[PDB]
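Below is one structure; the comments refer to it alone.
Atom set for the values below is all heavy atoms of this structure, side chains included, hydrogens, waters and symmetry mates excluded. In the text below, chain A, chain B and the rest are named by the order of the sequence lines, each starting its count at 1.
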Number of protein chains: 2
Amino acid sequence: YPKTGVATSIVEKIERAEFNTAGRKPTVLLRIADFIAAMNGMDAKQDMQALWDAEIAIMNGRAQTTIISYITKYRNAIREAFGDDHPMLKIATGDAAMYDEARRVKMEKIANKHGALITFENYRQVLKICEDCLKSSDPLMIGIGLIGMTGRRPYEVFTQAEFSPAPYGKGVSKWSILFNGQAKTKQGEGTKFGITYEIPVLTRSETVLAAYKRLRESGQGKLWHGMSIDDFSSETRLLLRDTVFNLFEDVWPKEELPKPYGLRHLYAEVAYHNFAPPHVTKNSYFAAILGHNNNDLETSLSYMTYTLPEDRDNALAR
Amino acid sequence: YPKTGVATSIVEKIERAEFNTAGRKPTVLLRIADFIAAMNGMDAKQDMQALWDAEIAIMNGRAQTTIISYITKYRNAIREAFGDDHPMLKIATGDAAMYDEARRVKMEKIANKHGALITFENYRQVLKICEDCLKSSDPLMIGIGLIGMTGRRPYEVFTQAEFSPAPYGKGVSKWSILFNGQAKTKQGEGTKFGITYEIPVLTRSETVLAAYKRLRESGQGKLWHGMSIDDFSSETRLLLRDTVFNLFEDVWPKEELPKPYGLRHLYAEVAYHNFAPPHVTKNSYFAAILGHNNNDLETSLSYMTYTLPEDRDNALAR
DNA sequence: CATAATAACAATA
DNA sequence: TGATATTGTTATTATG
DNA sequence: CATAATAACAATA
DNA sequence: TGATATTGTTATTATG
């Protein structure tokens, strides 16, 4: 197996961070680079294990989620440097207990949310704002609007979404479009990777397609197109966060802060409330419109956080 | 660790089967008994492994579910004979691949069902039948009725259910009772084991409680009380199956045969349709009324098989 | 004298 | 079923 | 001459 | 997160 290699992306991030006007020192990226460095020439399991042990000792005062993420970074770096067949990939990993605990906590949270939904009182107002954003000229705004109206992830919307009209009968669908470029998915049998599939929209198709075309033809939209996730995050995450904070501050449910993904949650809820066929379940429908894998009904549980004032009403009926 | 022991239950089942007027030969129970026999005196891992290998070779032309079940029987027998700390418990197990495949298939099935629900057209008729069964004098019938009206498992209903009135305000609840004696659960932190909890009923509480009291005071009901699962199965499973076949044959959804558990599914569906508070989800509610563990929302997915004609209607609205 | 900028830190799906 | 890819939030750094 | 009875076999949650 | 407890269905056996 390869004994030498370089994690190019890490080295490039580190190099670009040399001439920075301000900001944190890239200590983590540096530890990873030095890690991949020390790995060069290693042929003994125990040495590798000692190196990894050192790194694990380092990130001691961190959150479990944080440590798990960092381990992801290290593993991706090792994989980029030496390939998939390097023994370090068997060593550079967290306790099974850590992952089990993460799963546990996740389930507890989700179940807590299912036990006490948040009534989205002013949801129509939010949807309306998102629709007005489709007419805005600032591509950030068009983006937010498309998130609210299509329930696509930010990364998807800005950097890689392919929207096309959805053919209904022998014309075009008024309330659905064709989305391609699903994120967070590897190539596989039951995945939506590279799969163009029909999703519902919360306004006219023509509107969404027009706005998307505009955003996509904007200079900033051309900058966004094909971006990596890190590039997109560093480029836009805070601006998008602050903007979404600003737009929905007055009309968002008081139990939580306005977040971009909340538009995806709410999109799922509303789309189900308006378009769901009579023979599928809420989980199945969510899984369908969100682009989850086939036979995956467990991820849909993550998106059931709100209840509509109407449902709340005709449940109080009772 | 213990080198000798006896699987008493297996030996007793085998002994009682000696003087049988008819029926299959207990070949499996015999293989298990001979297994536990051969284990007596074994102190070498490789010997144990060879024995287990022999047994695995035996059940070769079986279904995966079957093999998994049999392995459960063997493991329970070993555990009963030698205790929890016997090395064989590390050997007597199936491939991880077998279990993974079982999980896979299960998820595929469940998702298929969520994709294509069965419209329970004549559900009110079924519920009515179940209500009439509460007035019947045959404790089998009272039992079926209580299954339909409380959504308790057969084993629970007949052998171990403790129903009491549910106090509403300062009177009694009309539409809910207190159930104790949840099955398929070990003692634990988030389990309903030994936990008395409030479940909804699909008729008046008084009715259900009266019928349950009658069934419980019947001679057959006194025979049922405290029975093991095997005893109950051999005593009643076929009669219950044939009877439920008979009662609902005309009015059951044409896509499937009338089965006892279908009353539990339908119970969950209807109970949600009638009593669900405005701030919980369908999964959470199911999990609540069915007695599933806290933070367990995945088992509830198993019970979403039907859709009501009404929901089908006001989904076609659309 | 103090803020924008950056990546660490962290949580979600 | 092994151990990721996104989104969300805070402490630290350089800069007339 | 043929059926009730039993446990194997199998699937579900 | 390791490897169960129920419910549902079929082949085999003993019996004037």
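Of the possible donor and acceptor atoms, none in the side chain of B:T191 sits under 3.5 Å from a partner among the backbone N and O of B:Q187. With hydrogens and angles ignored, the 3.5 Å screen pairs a side-chain donor or acceptor of A:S300 with a backbone N or O of A:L297. With hydrogens and angles ignored, the 3.5 Å screen pairs a side-chain donor or acceptor of B:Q182 with a backbone N or O of B:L290. Here the side chain of B:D296 pairs a donor or acceptor atom with the backbone of B:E298 at under 3.5 angstrom. A donor-acceptor pair under 3.5 Å is formed between the side chain of A:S302 and the backbone N or O of A:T299.
A:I289 is not listed as a side-chain neighbour of A:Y272, based on a closest heavy-atom distance of 4.5 Å or more. Two residues are said to be in side-chain contact when any heavy atoms from C-beta on lie closer than 4.5 Å; B:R153 and B:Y261 meet this criterion. Looking only at side-chain heavy atoms (C-beta outward), A:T185 and A:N293 come within less than 4.5 Å of each other.
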All N/O contacts under 3.5 Å from nucleotides 8-10 of chain D to the protein, with atom names and distances to one decimal?
unit_1: D:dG8; atom_1: OP1; unit_2: A:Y261; atom_2: N; d: 3.1
unit_1: D:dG8; atom_1: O3'; unit_2: A:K259; atom_2: NZ; d: 3.4
unit_1: D:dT9; atom_1: OP2; unit_2: A:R241; atom_2: NE; d: 3.1

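Using a 4.0 Å heavy-atom criterion, one finds that B:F232 contacts the sugar-phosphate atoms exclusively. Among the protein residues, A:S302 comes within range of the sugar-phosphate backbone only, with heavy atoms under 4.0 Å from sugar or phosphate atoms but none that close to a base. At a threshold of 4.0 angstrom between heavy atoms, the contacts of A:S233 include nucleobase atoms, whether or not backbone atoms are also involved. Counting any heavy atom pair closer than 4.0 Å across all strands shown, A:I68 reaches a base atom.
At D:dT1, one or more side-chain N or O atoms of B:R103 fall inside 4.0 Å of OP1 or OP2 (strictly under the cut-off). An OP1 or OP2 oxygen of C:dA10 is reached within less than 4.0 angstrom by a side-chain nitrogen or oxygen of A:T66. The side chain of B:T72 contributes an N or O atom lying less than 4.0 Å from OP1 or OP2 of F:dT4. For the OP1/OP2 pair of D:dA3 and a distance below 4.0 Å, the side-chain nitrogens and oxygens of A:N76 include no atom meeting the criterion. Between A:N20 and the phosphate of D:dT15, there is no side-chain N or O to OP1/OP2 separation shorter than 4.0 Å. Side-chain nitrogen and oxygen atoms of A:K186 include at least one within less than 4.0 Å of the OP1 or OP2 phosphate oxygen of D:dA5. In this model, the phosphate group of C:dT12 is not approached by any side-chain N or O of A:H265 to a distance below 4.0 Å at OP1 or OP2. B:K13 has no side-chain polar atom (N or O) that falls below the 4.0 Å cut-off from OP1 or OP2 of E:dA7.
Checking C:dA8, C:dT12, D:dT6 against every side-chain atom of A:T27, the shortest atom distance belongs to C:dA8. Checking C:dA11, D:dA3, C:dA13 against every side-chain atom of A:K109, the shortest atom distance belongs to C:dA11.
In this structure, the CG atom of B:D230 is 11 Å from the P atom of F:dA5, given to the nearest Å. Distance, A:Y99 OH to F:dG2 P: 15 Å, rounded to whole Å. Spacing between atom CG of A:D100 and atom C1' of D:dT1 amounts to 10 Å, rounded to whole angstrom units. As rounded to whole Å, 6 Å separates atom P of C:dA8 from atom OH of A:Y70. Between A:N60 atom CG and C:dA10 atom P there is a gap of 12 Å when expressed in whole angstrom units. Atom CD1 of A:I229 is separated from atom P of C:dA7 by 15 Å (rounded to the nearest Å). One can place CZ of A:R264 at 10 Å from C1' of D:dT6, the figure rounded to the nearest angstrom. Rounded to an integer number of Å, the gap from A:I67 CD1 to D:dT4 P is 14 Å.
Contacts made by the side chain of A:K106 are confined to the major groove, where a base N7, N6, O6, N4 or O4 atom sits under 5.0 Å from one of its heavy atoms.
Both tests do not hold together for B:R62 against B:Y70: distance to the six-membered ring centre under 6.0 Å, angle to the ring axis within 45°.
Atoms CE and CH2, from A:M227 and A:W224 in turn, are 9.0 Å apart once rounded to the nearest 0.5 Å.
Ion pairing between A:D100 and A:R103 holds under the 4.0 Å rule for side-chain N and carboxylate O. We find that A:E108 and A:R104 are joined by a salt bridge, their nearest charged nitrogen and carboxylate oxygen being less than 4.0 Å apart.
Both geometric conditions, a ring-centre gap below 5.5 Å and a plane tilt below 30°, are not fulfilled together for A:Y303 over the base of C:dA13.
Toward the 5' end of DNA chain F, the nearer of the two residues B:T21 and B:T185, judged by each one's closest nucleotide, is B:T185. Nearest-nucleotide positions on DNA chain E for B:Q64 and B:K25 put B:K25 closer to the 5' end.
In terms of the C1'-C2'-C3'-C4' torsion, D:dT9 has a south-puckered sugar. The angle is below zero.
A donor atom on one side chain and an acceptor atom on the other are found under 3.5 Å apart for A:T281 and B:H114.
Contacts of residues 286-296 of chain B with DNA chain E (heavy atom under 4.0 Å): none.
Of the candidates A:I199, A:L146, A:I147, A:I199 is the only one forming a side chain to side chain contact (heavy atoms under 4.5 Å, CB included) with A:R152.
For the helix from C:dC1-D:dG16 to C:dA13-D:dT4, the angle separating the two terminal helix axes comes to 10°, with each axis derived from five pairs and the value rounded to 10°.
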